[PDB]
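Below: one structure, written as structure tokens.
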Amino acid sequence: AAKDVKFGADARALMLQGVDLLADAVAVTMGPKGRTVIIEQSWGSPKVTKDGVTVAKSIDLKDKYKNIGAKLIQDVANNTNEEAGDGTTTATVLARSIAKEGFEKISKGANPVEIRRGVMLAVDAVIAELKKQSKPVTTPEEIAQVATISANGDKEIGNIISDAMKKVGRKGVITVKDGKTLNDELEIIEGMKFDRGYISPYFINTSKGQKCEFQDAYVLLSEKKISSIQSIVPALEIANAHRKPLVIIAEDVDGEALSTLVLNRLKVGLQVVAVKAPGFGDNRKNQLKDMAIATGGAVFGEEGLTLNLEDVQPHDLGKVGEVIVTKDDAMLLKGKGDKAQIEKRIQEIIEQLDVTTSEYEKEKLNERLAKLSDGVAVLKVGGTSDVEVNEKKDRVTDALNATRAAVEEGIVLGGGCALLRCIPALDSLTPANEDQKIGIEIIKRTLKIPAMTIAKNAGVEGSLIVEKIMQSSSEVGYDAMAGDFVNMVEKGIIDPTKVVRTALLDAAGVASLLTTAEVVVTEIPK
Amino acid sequence: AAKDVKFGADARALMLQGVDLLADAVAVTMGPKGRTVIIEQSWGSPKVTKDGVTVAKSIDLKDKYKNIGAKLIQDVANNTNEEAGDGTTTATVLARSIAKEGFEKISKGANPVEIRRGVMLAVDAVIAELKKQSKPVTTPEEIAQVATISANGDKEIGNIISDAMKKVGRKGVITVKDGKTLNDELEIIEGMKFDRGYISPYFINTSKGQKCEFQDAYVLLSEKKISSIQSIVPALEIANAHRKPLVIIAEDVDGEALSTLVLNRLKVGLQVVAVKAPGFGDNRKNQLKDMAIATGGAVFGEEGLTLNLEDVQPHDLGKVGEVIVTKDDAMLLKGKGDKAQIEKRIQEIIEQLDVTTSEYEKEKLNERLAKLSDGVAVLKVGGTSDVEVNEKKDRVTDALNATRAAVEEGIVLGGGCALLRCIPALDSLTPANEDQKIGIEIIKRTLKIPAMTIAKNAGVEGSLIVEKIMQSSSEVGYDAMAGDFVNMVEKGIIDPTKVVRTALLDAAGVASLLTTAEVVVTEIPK
Amino acid sequence: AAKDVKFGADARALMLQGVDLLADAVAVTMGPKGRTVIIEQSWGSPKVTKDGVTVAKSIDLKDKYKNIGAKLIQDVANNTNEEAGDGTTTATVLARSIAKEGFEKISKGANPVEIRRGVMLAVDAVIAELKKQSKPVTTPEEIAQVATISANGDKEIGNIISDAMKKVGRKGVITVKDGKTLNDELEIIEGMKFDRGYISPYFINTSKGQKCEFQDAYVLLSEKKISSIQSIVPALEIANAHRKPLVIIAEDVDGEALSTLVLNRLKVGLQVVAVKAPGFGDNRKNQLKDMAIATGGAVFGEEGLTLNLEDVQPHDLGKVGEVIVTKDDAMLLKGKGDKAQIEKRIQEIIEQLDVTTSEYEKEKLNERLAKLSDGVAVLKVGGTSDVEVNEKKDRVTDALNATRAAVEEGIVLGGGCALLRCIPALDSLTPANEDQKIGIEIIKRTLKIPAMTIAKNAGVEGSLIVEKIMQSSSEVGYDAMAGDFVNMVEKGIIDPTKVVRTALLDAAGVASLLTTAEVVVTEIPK
């Protein structure tokens, strides 16, 4: 493919146009009063949504240089904010204005690097202030209040979340399922969780939410790589002989092993998924052994006693009641196994904790201890019929994720005020020269945009609302639902600090790249 | 295909336009302050890079004559500088300006040959001066300091490199591997190195870095060609019967043997690679014998006892714990064999060294001694997770290559000063006539470009920085990171003389061709 | 295909334009100072060359009438000068100007035939003068000096050539091979040479240089044609059963026999080549018998004892250590056979020579004597490694071919002076009428072009150099490398008379056709 190369301002100006269309398209859905976007679909009715992420993913421009401006934001704002849809819109709106103000100052003669440095300095001063203003959420009473708020007044949802948090801990594991009954209930089961997801999208099942879930599955554990290695078939034969799903845990999967596994999933209907091993080095080996004990299988290693994948017997694969694999996450619930062997392994880990003094080893040993001795909390959602249970299910998972975020980093005044109230933090920030001063002023002004954007979608003058907040006491913000100026703490209108802080960093990150890149290379279409 | 022939200046002017676009695109990435280039990709996100080689390879123009200007540089600057990505950008930028200044003087009436001769004379005067200014790096302390510098302050990397250099020698062999542990460490193992790589790109495996690696492989040795000769299958059958990779070392591979090996690699997934034999004539036979002894195999020769490829037994192939094949390089580590036979061969080589007096034989024979008596140093890179081990791994290989280059030819003031400080070398250089004088003056001026280009990317006036360096003492240059005039020796800002010297020769080479070629023939598109 | 017919000057004018582009494109590479031509290639880098033949073959114009002008020269100048690349450029440059001057005089009213006759008369006067000025090269000292000169000062190359010439004679056979060692050396081996090449291009192997080489091959001999005759398979079956290449020598090969042989060469990989029989009539039969004796095979003839191709036994095919087949040439080296039978045949030939008195029979019979009693000289080229041995190999073959040409017809002052110094030969040449006078003057002027073309590529005024040569003594020419007027004999700057003479005839031949053809018929494109 032949290329067309643009330089300097000629390329930057086009990328910025791609960004403005995208930012305007998603800014409109921002806040309690966001408006709808109608997205044409090729097979059915138009899709009508208020979701900032859906709208952002839907837009794809035809011009080759404007397409880049749109992707530089979409590939960051949509990918780094997978937990909730709040951070994507905020990061897109701030990135657009930071980059635009930078571009204008640069095309008039300011130095691109010195402007970038002034912006970095301002972003760090603001973040330090957010950390200082953030309040912790660790007390069961505080957790319940946040859960009730993120549950939008549904106290019953807030209560089952608070109760699950109390029973397995602030750092424990809580999941949500359909209870097939009328009432909501909490049960604790045996299981383990590790940070490794599916190796490939080809194994997605139950596609709503991009999940991969199987029951009564075989568990194959390997220390060795199976990339371009076959002889995985005896495990597949057992899975076919005894109609059970199969999950493969391996250091890596590629080549022929991947080809075999995916083609069977697609052409045979074999319910098989592969996931990467949970650790590194020696710790990887120890985690696979704990898993084998917990699932009643064997580890196909080469050191000591050698067990090869070329010969897999029914007693070498483990058995798991329920297995869940999602992007970058996997769980094995209700495993089968010898309880004496599980307790023995637990006791060995405890002895190692009592003996070692290194921080590294104590932490790794504590993770392995917990994976065998702790349970998993399960929140069962009930209701009259499945069409209603299925909606309540999401209200519970949203309240739960918001609760966990609040607990991990604390909470700040929401509705755009967390950043608006950090503007004074820049008054003591001193630049080395005029271009750094301009860079600080660029952030000083973009800190006011979230507040004005929400007021604008609400239907009131953005300028007056944001100025009135700035001129009043710190606890007062503007409530777009109430149409007034209220005490935000008393009303319970809060945003996790984690989200506010990340959206600011993501915006600064993309805008920085976008205003200093000098050469842009695109393909010539045919 | 019909052709379109352009003559003289009409063709040269178009090639130069192809060159200017390319040179401007990569000049901007030069130095500590290089700016980014955004390269559109057809399947995923835009690629954002600062790498001069990637940018140069990415650009491909549609015009038939401008395409040639771009390829005359890309096919030389990228191909002669495979060792490191440092020298490619300098050669591109210097070639552009040397050729441009030549063209302008020629189109105004200067003689193309006499201008070329003046340029050659100036390049040689400069190189002689670089050799005179370069300082050696041979002392363990000097080596450690250079390694620390090229490691960018990572003193721990500099130390494992210095230690490996000391143990196997300045000219020894050092490789880098993932240690699967927390600490960095060095061990010495048995192995051989020879300068022959894969015969074909179709055998590339583990494609990042264009490598080709196998473990527990069979080795087939042949003094004879296998071009258009089959009956290589019994070795392939053993490799399939006993699932082991195979490496074939032969004088040449073509026809059916090549077809069989490549098609199986691509359509079957047979793990087989072919490599050209390591020597020439009698020395080739002696090297294959040493190798057979070290790997525990046999050479399929015709002289003395005849062994034919038609019948390959399990004891005829050698066995190597790890086989590495890369472009123009191959290595066999951890071979299996009879230690008594290896020592006996070593003792025979020593006696032969004591007897022979010819320079040729002593040097070749000493290399064969070392291949059996010396080991291979392996630097294992550790860490808490593979995502971090993999990054440190690059810092180690870059520091290691930079160290070796410094040791082979010495070091010069970096940052463009090595060439800027050679300008006075041309004051004693006397031309025969006016056109030779012009050619000398062309180099006199292009010697200042690397210094101005870095200052420009830094953001300061190029003209003032370069003139200030010229008016100061010999050890003072401009530090783009510090933003000031510093003593470069004290700061440790250095460049291998080998790189500076090659980039100047390559630039002179391409520019010379480009300004004297008279007729250019291109195809007519359809 | 419909045709478009052009008449007279309208067609001639277009062919001449095709010629001018071609002649200008290759004239530029002429002489010691030839400039480069860059030829675009569709798969890799641009090819940069100074070779007049490559450039001439590369150019192919799209216009239907200009394409003819280009092919009338390419199909002669490239085809009649297969021995060396010197004659093609000279013939192209002279043909262009002879034809152009003719055309201009004709379009102004001169008679095309009378102009052609004046040109023929001038060409013959010049050739007679070249023969008179040519000096012989027959003395071992003279041969060594020429070989050293064509070897460009490499005295060692000149010496191995002189030594081979002395041992097998001025008219003997000398070939060049890779010695697989460091030194150059000469050995004499048993073998035969005959003037018949491959029957088809499909049998080309080892394609660099368009060769076809096999070792340990079977030889099938037939006095009879095998065109459209099958039953050649039993010889092919033996060749497959006993893995040996096969060479077939027959009066002719076509139809089914050729189809079988080519398709097996291309689709099966059967290593077989076919060659036309070496003689005519009775002499053909005698040569095949001498060959059968020398190779240890039999001739499949019908007279006397009948031997049919239907049944070929292992003892009917001959055996040759090495078989070489090239365009219009074939060689059999190291044949196997009964030495008593070979000597007996030699003695019979000697007795027959003593008896016969006819010139025809003595000459043909003496050639057959030599084929059995003389050997073949082989020059082994050595060096450190194959990449360097392979280059020296061509320097040796070029020196060797130049030596042989000099010996066959003598040498003349080179650098364009051989023809420039023949101009006075035309002063006594008397035309019958004005148009013949014009034709003589056309050659008188084109005789000066080679000298001016070289001076022009050197970079000096062509007019002054050629006039100064003409005004000086006969031994003085202009040395483009030295940049001065020198004694060419003392410097050793010489050209074979054979080359100078042929290039003039070829130029006159094409230009003559080109200016008198009257009607040109081309196809109408669609």
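What the table below lists for this structure:
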| quantity | calculated |
| --- | --- |
| Which numbered condition C:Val5 misses (of (1) within 14 Å of another protein chain (Cβ to nearest Cβ); (2) surrounded by fewer than 21 Cβ atoms within 10 Å (Cβ to Cβ); (3) over 19 Å from the mean Cα position of the chain (by Cα); (4) not aromatic (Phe, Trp, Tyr)) | (1) |
| Matching residues, the stretch C:129-147, being over 15 Å from C:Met165 (Cα atoms) and loosely packed, with under 12 Cβ neighbours inside 10 Å | C:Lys132 |
| Output for the stretch C:27-53, where each listed residue is more than 9 Å from chain B (Cβ to nearest Cβ) and among the hydrophobic types (A, V, I, L, M, F, W, C) | C:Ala27, C:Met30, C:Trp43, C:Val53 |
| In the stretch B:347-377, the residues that are within 20 Å of B:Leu333 (Cβ to Cβ) and in contact with a helix residue (DSSP H, G or I) (Cβ under 8 Å, 6 or more places away or on another chain) | B:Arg368, B:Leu369, B:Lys371, B:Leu372, B:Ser373, B:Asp374, B:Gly375, B:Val376, B:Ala377 |
| Which numbered condition B:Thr356 misses (of (1) hydroxyl-bearing (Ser, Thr, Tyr); (2) within 32 Å of the chain's Cα centre (by Cα); (3) farther than 28 Å from B:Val233 by Cα) | (2) |
| Tally of residues being assigned to a helix (DSSP H, G or I) and either under 17 Å from C:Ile174 (Cβ atoms) or in contact (Cβ under 8 Å) with a residue 24 or more places away in the chain (or both) across the stretch C:356-377 | 6 |
| Residue within the stretch C:464-474 that is within 20 Å of C:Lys135 (Cα to Cα) and out of contact with any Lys or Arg (no Cβ under 8 Å at 6 or more places or on another chain) present | yes |
| Condition met for B:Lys380 (of a type in the set (D, E, K, R), within 22 Å of B:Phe280 (Cβ to Cβ), in contact (Cβ under 8 Å) with a residue 40 or more places away in the chain and surrounded by 13 or more Cβ atoms within 10 Å (Cβ to Cβ)) | no |
| Residue within the stretch C:282-294 that is without any contact (Cβ under 8 Å) to a residue 24 or more places away in the chain and not basic (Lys, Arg) present | yes |
| Unique match (being more than 14 Å from chain B (Cβ to nearest Cβ) and either surrounded by 15 or more Cβ atoms within 10 Å (Cβ to Cβ) or touching a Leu at 6+ places or on another chain (Cβ under 9 Å) (or both)) among A:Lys211, A:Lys244 | A:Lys244 |
| Residue check, B:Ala110 out of contact with any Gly (no Cβ under 6 Å at 6 or more places or on another chain) and assigned to a helix (DSSP H, G or I) | no |
| Hits in the stretch A:123-164 (condition: basic (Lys, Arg), in contact (Cβ under 8 Å) with a residue 60 or more places away in the chain and assigned to a helix (DSSP H, G or I)) | A:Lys131 |
| Positions within the stretch B:170-179 being within 14 Å of chain A (Cβ to nearest Cβ) and either surrounded by fewer than 16 Cβ atoms within 10 Å (Cβ to Cβ) or in a strand (DSSP E or B) (or both), in sequence order | B:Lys177, B:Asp178 |
| The listed residue being among the hydrophobic types (A, V, I, L, M, F, W, C) and either surrounded by 21 or more Cβ atoms within 10 Å (Cβ to Cβ) or over 23 Å from the mean Cα position of the chain (by Cα) (or both), out of B:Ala110, B:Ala84 | B:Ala110 |
| Residue check for C:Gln352: free of Cβ contacts under 8 Å to residues at least 24 places away in the same chain, surrounded by 15 or more Cβ atoms within 10 Å (Cβ to Cβ) and more than 14 Å from chain B (Cβ to nearest Cβ) | yes |
| Qualifying residue in the stretch C:439-446 (condition: in contact with a strand residue (DSSP E or B) (Cβ under 7 Å, 6 or more places away or on another chain), farther than 27 Å from B:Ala110 by Cα and surrounded by fewer than 22 Cβ atoms within 10 Å (Cβ to Cβ)) | no |
| Scan of the stretch B:180-202 for residues that are away from every other protein chain (no Cβ under 14 Å) and part of a helix (DSSP H, G or I), ordered by number | B:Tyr202 |
| Selection count where residues are of a type in the set (A, V, I, L, M, F, W, C), closer than 20 Å to B:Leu504 by Cβ and within 14 Å of chain A (Cβ to nearest Cβ), scope the stretch B:54-103 | 1 |
| For A:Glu434: the one exception among (1) under 30 Å from B:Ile59 (Cα atoms); (2) of a type outside the set (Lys, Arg); (3) within 14 Å of another protein chain (Cβ to nearest Cβ) | (1) |
| Odd one out for B:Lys167 among (1) assigned to a helix (DSSP H, G or I); (2) within 20 Å of the chain's Cα centre (by Cα) | (2) |
| Enumeration of residues in the stretch A:247-290 that are among the charged types (D, E, K, R) and within 14 Å of another protein chain (Cβ to nearest Cβ) | A:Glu251, A:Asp252, A:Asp254, A:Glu256, A:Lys276, A:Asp282, A:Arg284, A:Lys285 |
| Candidate set: the stretch C:308-349, residues that are among the β-branched types (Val, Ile, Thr) and part of a strand (DSSP E or B); chosen: the one surrounded by the fewest Cβ atoms within 10 Å (Cβ to Cβ) | C:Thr326 |
| Any hit, the stretch B:411-421, residues being free of Cβ contacts under 8 Å to residues at least 24 places away in the same chain, over 19 Å from B:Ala507 (Cβ atoms) and not in a helix (DSSP H, G or I) | no |
| Residues of the stretch A:490-526 classified as in a helix (DSSP H, G or I), in contact with a strand residue (DSSP E or B) (Cβ under 7 Å, 6 or more places away or on another chain) and more than 14 Å from chain B (Cβ to nearest Cβ), total | 3 |
| Condition broken by C:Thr430, with the remaining ones in (1) assigned to a helix (DSSP H, G or I); (2) over 30 Å from C:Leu288 (Cα atoms) satisfied | (1) |
| Within the stretch C:8-21, tally of residues that are within 23 Å of B:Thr522 (Cβ to Cβ) and either more than 9 Å from chain B (Cβ to nearest Cβ) or not aliphatic (A, V, I, L, M) (or both) | 5 |
| Matching entry among B:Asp435, B:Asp394 (being more than 21 Å from B:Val500 (Cβ to Cβ), touching a helix residue (DSSP H, G or I) at 6+ places or on another chain (Cβ under 6 Å) and among the charged types (D, E, K, R)) | B:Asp435 |
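So that you can scan it fast, the table gives a plain yes or no per residue for (1) touching a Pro at 6+ places or on another chain (Cβ under 7 Å); (2) more than 14 Å from chain A (Cβ to nearest Cβ); (3) surrounded by 15 or more Cβ atoms within 10 Å (Cβ to Cβ):
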position	(1), (2), (3)
B:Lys362	no, yes, no
B:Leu369	no, yes, yes
B:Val389	no, no, yes
B:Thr403	no, yes, yes
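Cβ atoms come from the backbone with ideal geometry, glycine included; neighbour counts cover every protein chain shown. Bear in mind these aren't lab numbers, they're just calculated from the coordinates by the rules spelled out.
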